[PDB]
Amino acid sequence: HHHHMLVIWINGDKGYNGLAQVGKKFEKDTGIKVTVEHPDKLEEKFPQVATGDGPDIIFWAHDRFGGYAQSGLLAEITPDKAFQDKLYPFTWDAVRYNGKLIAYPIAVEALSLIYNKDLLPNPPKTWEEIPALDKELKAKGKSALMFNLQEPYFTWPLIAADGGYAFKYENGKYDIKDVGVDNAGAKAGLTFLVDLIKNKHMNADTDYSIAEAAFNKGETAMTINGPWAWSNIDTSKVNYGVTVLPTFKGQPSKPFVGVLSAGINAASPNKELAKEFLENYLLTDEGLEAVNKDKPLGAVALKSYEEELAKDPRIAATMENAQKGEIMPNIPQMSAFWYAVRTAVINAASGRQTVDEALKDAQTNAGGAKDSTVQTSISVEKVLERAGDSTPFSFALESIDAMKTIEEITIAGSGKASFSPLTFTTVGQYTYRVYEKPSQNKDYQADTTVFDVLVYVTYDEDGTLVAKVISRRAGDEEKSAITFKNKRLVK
């Protein structure tokens, strides 16, 4: 392909027109044409085309670049120290992979709550408030909250709030086997989101353009979006505020924070031009201002310009939300993490899977280890005729396979109780029995029934371990719950 020109890919939500203005200035000084393109799914197309026809420079959040660098698609970035000193050190950290810089950092992006001041002068502090607020607003033909549900970037902050995480970080490194998408925190967060949908406070099909149009036309009081979205809100004249995201179970929503970054194609015959453009035209006060005026960048990596932008209270809120969430890893496994979470939310939200099934598959799809055990609890009921008769009785659980007593439990009076959970790692039939110990109390004849208890461990359609408990009186072939009846002999 023809290559005398500098080709740049950037997402269609960002200020590509401003960036083209910077490219026109560079064309004047150098005679080199700059073409800015914004194809759909550029982050996916880049590794396919990177065969010629790839861009010379690609702009995306830093999370994608480890994967690009692992596959040899990116040139190493080696700016002078004089240039490095112009950007915040934590932005360089985001583009450092195996000790090498693999992009230039541009801007820090975090999601915020965006709210309509005319509809909602006091935005909710908690997610838990949102359903009641949606009832109130529905009575006036409006909704409380619409935001993009199709992309896990937008739902993650809530899923993370109470404990969800992608990869545990420990001792300078990410453990790619320690994935946090299937824990109690993730489950609680996704369950909340799904219930909002089930209770008709949000629709499963809401995507980027639907939520943007609803907010910018005054149809919904709130949305969740990044700084790039402020420009179309300005034009719409909605009277809006940008604030901290709502809390969930008292924890902050924790957005994954992206650093918009610019990488150089390892196959580009124009590396030096690309480096000249980025360092001497774009990452200057004038360069970033031209992009930012088209669509806001967020908190920019260039210290000299960020000092001006930090006065903007929308940027203070951005940084407030950024501190509460965290900077995404840049490791190759992030792609798999994201497709995993995307599948989970769409499936749970649409009712294809339960929240537990969705996140269990997400855990594996993200590269977490297959949980290959199953547990069950054997339950006992004791029945005394008199209410308030709290006479205690005890029960034993014996393994026939191992010929020993596993556990004993006590019930005072009428009641149900369970033995502690049994764990199985392999399919088969497991044999136990349960019986009541003789009573110390001479006023009662204990039930002498013995129960045979069989646990069948089988695979379900998906290869997951399943355990079913079947219990019978030792006399019989008929199934029966484990229930003992103690007769009182005294008044």
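Residues carry their position along the shown sequence, with the first being 1.
Unmodelled stretch separating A50 from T51: 1 to 3 residues (count of deposited-sequence residues without coordinates). Note on 54 to 62 vs 420 to 428: mean CA B-factor is higher in 420 to 428. Stretches 320 to 328 and 352 to 360 differ in mean CA B factor, with 352 to 360 having the higher one. Between the residues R342, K249, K142, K382, the entry's highest C-alpha temperature factor is the one at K142. The PDB entry assigns the greatest CA B-factor among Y104, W230, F90, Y174 to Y174. Per-chain ranking of the deposited C-alpha B factor places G18 in the lowest third. Compared with the other modelled residues of the chain, the Cα B-factor recorded for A481 ranks in the middle third.
Per the PDB record, residue ranking by Cα B-factor puts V179 in the highest third of the chain. Looking at the C-alpha B-factors along this chain, the one for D447 belongs to the middle third. Remark: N122 belongs to the highest third of its chain, ranked by C-alpha B-factor as recorded.
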